[PDB]
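Notes for the one structure printed next.
Just so you know, these numbers use all the heavy atoms, side chains as well, and skip hydrogens, waters and symmetry mates. Below, chain A is the first sequence line, B the second, and so on; all start at residue 1.
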Number of protein chains: 2
Amino acid sequence: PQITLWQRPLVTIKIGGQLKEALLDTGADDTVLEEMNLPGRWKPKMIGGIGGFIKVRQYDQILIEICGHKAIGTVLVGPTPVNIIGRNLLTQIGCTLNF
Amino acid sequence: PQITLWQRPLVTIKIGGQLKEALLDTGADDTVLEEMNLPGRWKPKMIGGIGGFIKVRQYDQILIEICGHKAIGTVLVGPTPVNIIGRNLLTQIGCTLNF
Ligand SMILES: CC(C)(C)OC(=O)N[C@@H](Cc1ccccc1)C(=O)C[C@@H](Cc1ccccc1)C(=O)N[C@@H](CCC(N)=O)C(=O)N[C@@H](Cc1ccccc1)C(N)=O
């Protein structure tokens, strides 16, 4: 699809059997989701943006679907204000910026 | 152009006659630049990211070029970690996401 930017680019993702709304975010290196359970081991991580840093849990090799496109990647979980799909996963679904 | 997301989508902008690097950021509603001097009146704004809210100065009707594309719009100035080109300007230059 071609998604315009008149409004926030929110899409439906599928992860851990749950469906969620997340923001396609080219300014995000990583994918960060609100608190949720995921399987496997994890390690702590600090991520920063406008406003400073928050502490998240890093889960590796997690299957995710973004608008029907399947991918695998690292997913961070913590107190993010909104669900963010970052560059680590945008690449996998073939997402580019065009103008 | 077409910009892939394997690295940050950093571009050259020009504002106040000077060249700066900035991030094409679909996850940002607004454009926020690092501390600098701009002409005219400003108004206050609070904007929120990953780690909380920061105070910034809003300037309207500012000339800014993004990859040589001329734009005139609102530019926020404050303690942001990096120069960010947000949707307000990405729309002016005709930027979409595609996959
Ligand atoms: C991986 C990680 C998630 C940490 O990356 C980022 O945070 N990247 C930065 C851009 C950035 C990149 C690199 C360094 C610093 C910042 C952005 O792309 C994140 C995005 C996504 C996000 C959205 C809401 C809450 C948290 C995050 C972000 O911060 N957007 C902000 C950008 C600033 C702005 N005013 O445009 C945004 O749209 N804010 C809006 C909306 C808002 C209001 C209140 C509370 C929250 C949001 C605003 N006007 O504040």
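- Looking only at side-chain heavy atoms (C-beta outward), B:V11 and B:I66 come within less than 4.5 Å of each other.
- Note: B:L24 leads B:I54, B:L24, B:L10 in heavy-atom pairs under 4.5 Å with chain A.
- Contact count against chain A (heavy-atom pairs under 4.5 Å) is highest for B:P9 among B:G86, B:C67, B:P9, B:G78.
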*Quick one: do B:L33 and B:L76 satisfy side chain to side chain contact (heavy atoms under 4.5 Å, CB included)? Show the steps, please.*
CA-CA 6 Å; B:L33 304 180; B:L76 315 180; over 6 Å; no

Between chain B and chain A, identify all donor-acceptor pairs below 3.5 angstrom, including backbone and side-chain atoms.
residue, atom, partner, partner atom, Å
B:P1, O, A:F99, N, 3.2
B:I3, N, A:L97, O, 2.8
B:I3, O, A:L97, N, 2.9
B:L5, O, A:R87, NH1, 2.9
B:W6, O, A:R87, NH1, 3.4
B:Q7, O, A:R87, NH1, 3.4
B:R8, NE, A:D29, OD1, 3.0
B:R8, NH2, A:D29, OD2, 2.8
B:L24, O, A:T26, OG1, 2.7
B:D25, OD1, A:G27, N, 3.3
B:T26, N, A:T26, OG1, 2.8
B:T26, OG1, A:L24, O, 2.7
B:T26, OG1, A:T26, N, 3.0
B:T26, OG1, A:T26, OG1, 3.3
B:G27, N, A:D25, OD1, 3.2
B:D29, OD1, A:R8, NE, 2.8
B:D29, OD2, A:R8, NH2, 3.2
B:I50, N, A:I50, O, 3.3
B:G51, N, A:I50, O, 3.0
B:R87, NH1, A:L5, O, 2.8
B:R87, NH1, A:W6, O, 3.2
B:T96, N, A:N98, O, 2.8
B:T96, O, A:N98, N, 3.0
B:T96, OG1, A:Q2, NE2, 3.4
B:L97, N, A:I3, O, 3.0
B:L97, O, A:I3, N, 2.8
B:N98, N, A:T96, O, 2.9
B:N98, O, A:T96, N, 2.9
B:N98, OD1, A:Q2, NE2, 3.0
B:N98, ND2, A:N98, OD1, 3.0
B:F99, N, A:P1, O, 3.2

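- Note that CD1 of A:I85 and CG of A:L90 are 7.0 Å apart. Values are rounded to the nearest 0.5 Å.
- When heavy atoms are compared at a cutoff of 4.5 Å, A:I93 approaches chain B by way of both its backbone and its side chain.
- Contact tally against chain A (heavy-atom pairs below 4.5 Å) for B:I47, B:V32, B:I50, B:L23: the top residue is B:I50.
- Hydrophobic clustering (ILVMFWY, side-chain heavy atoms < 4.5 Å, transitive): B:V56 and B:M36 are in distinct clusters.
- Between the CD1 atom in B:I13 and the CG atom in B:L19 there is a gap of 9.0 Å [rounded to 0.5 Å].
- The hydrophobic cluster containing A:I64 also contains A:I3, counting ILVMFWY residues as joined when their side-chain heavy atoms lie under 4.5 angstrom apart, directly or transitively.
- Comparing B:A28, B:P1, B:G94 by heavy-atom pairs within less than 4.5 Å of chain A, the highest count is held by B:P1.
- In plain terms, the two heavy atoms of A:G49 and B:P81 that are nearest each other are O-CG, 3.6 Å.
- For the residue pair B:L89 and B:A71, the shortest heavy atom distance occurs at CD2-CB, 4.3 Å.
- Taking both residues in full, the closest heavy atoms of A:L63 and A:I15 are given as O-CG1, 3.9 Å, listed atom of the first, atom of the second, then distance.
- Using a 4.5 Å cut-off between heavy atoms, A:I84 touches chain B through its side chain atoms alone.
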